[PDB]
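Below, in structure tokens: the form deposited in one PDB entry, a single chain.
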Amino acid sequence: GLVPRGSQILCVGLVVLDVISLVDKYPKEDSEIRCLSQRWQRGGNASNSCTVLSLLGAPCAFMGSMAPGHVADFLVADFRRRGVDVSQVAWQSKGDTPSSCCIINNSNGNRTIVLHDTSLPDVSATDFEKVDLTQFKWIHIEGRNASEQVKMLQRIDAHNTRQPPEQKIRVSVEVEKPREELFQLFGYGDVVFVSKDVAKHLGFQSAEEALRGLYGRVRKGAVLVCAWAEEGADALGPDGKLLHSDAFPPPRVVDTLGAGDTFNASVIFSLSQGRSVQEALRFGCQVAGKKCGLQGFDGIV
């Protein structure tokens, strides 16, 4: 159907089918065990952020790789259940639609993860070249295949060069995995999210150290954002002033999975609505905090 010009927030990244099993004790190899509870969930960073944007009242779209099959059918039906526009999905002829398997041991809270395989090709710069950008007001890219994503980012800048300031597409990038190839992405986007895990891997012991240490790597005018779980979040823009928001932990923490993606989607949402960096930071912390007291994303708004 018809999508009004400059109305959608696009999230480019991974969609994964997560099979989560809760067990009394971790299984011994070669054995068959009955779990306490089993759950299928749509995962992936860009994919979770789309869920959150839809629930916040934002028209949103997901761009990522899928292969036809029963995994994709479940994932597409889940995206639709969450009101996510799925028209920009890069359908593949080869590889598996990603699926992960999590075993959570109830006697100690330990999680054993069997990560998806790497058979599915990522969204390429040539796949992105074929996308009409006019329907998007904001494009969020989850860092994965960095050298291809740089070309996608250069395409958006080129688009923006011919647009008046009110038709200019806002851009955000997330550097969540501690992989060297991704650090080139710091130099792209209006808003750069760097994870606590990436920061710690670079030897930074706080969000402040992380923002001050990495601000020299962002493009002129960009805002660098770093969430540090229950220590809240920080942002640093061109004025050199470090901004901070404390976390808003729930009375009882129920489920933290996708709290970081909730934060990213909420920050993007708040910025797209014309709110200040300080306001977006606080809003991001509030919604991530509310999510932590909830199973899944139902009731975050």
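Position 1 is the first residue in the sequence shown; the rest follow in order. C-alpha atoms forming the largest set that superposes within 1.5 Å between two forms make up the rigid core.
For this session: Report the stretch with the higher mean CA temperature factor, choosing between 130-138 and 106-114 on the basis of the entry.
Result: The stretch with the larger mean CA B-factor is 106-114.
Exercise. Per the PDB record, is the mean Cα temperature factor higher over 251-259 or over 50-58?
Worked result: Stretch with the higher mean C-alpha B-factor: 251-259.
For this session: Tell me, lowest, middle or highest third: where does the Cα B factor of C292 rank within its chain?
Result: Answer is middle: the recorded C-alpha B-factor places it there.
Problem set entry | Entry-reported Cα temperature factor of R212, expressed as the chain third it lands in | Tercile = middle for this residue's CA B-factor.
For this session: State the tercile, meaning the lowest, middle or highest third, of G274 with respect to the CA B-factors recorded for its chain.
Result: For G274, the deposited C-alpha B-factor lands in the middle third.
Exercise. Would the CA B-factor of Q41 place it in the lowest, middle or highest third of its chain?
Worked result: Tercile = middle for this residue's CA B-factor.
For this session: Could you tell me which third, lowest, middle or highest, the C-alpha B-factor of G187 occupies within its chain?
Result: Within its chain, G187 is a highest-third residue by C-alpha B-factor, going by the deposited values.
Keep in mind that the form deposited in another entry is missing from the display, and what follows is about it.
Problem set entry | Out of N108, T161, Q205, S87, the residue that alone shifts its CA by 2 Å or more between this form and the one not shown when the rigid core is the reference | Among the listed residues, the one whose C-alpha moves by 2 Å or more is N108.
Exercise. Taking the rigid core as reference, does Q278 move its C-alpha 2 Å or further between this form and the one not shown?
Worked result: Shift at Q278: below 2 Å after core fit.
Problem set entry | Core superposition between this form and the one not shown, C-alpha change of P68 at least 2 Å | No, its C-alpha moves less than 2 Å.
For this session: Determine, after fitting the two forms on their core, whether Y26 shows a C-alpha shift of 2 Å or more between this form and the one not shown.
Result: After core superposition, the C-alpha of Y26 moves 2 Å or more between this form and the one not shown.
Exercise. Relative to what is shown, are the Cα atoms of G284 and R111 closer or farther apart in the other form, where the gap shifts by 3 Å or more?
Worked result: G284 and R111 sit closer together in the other form.
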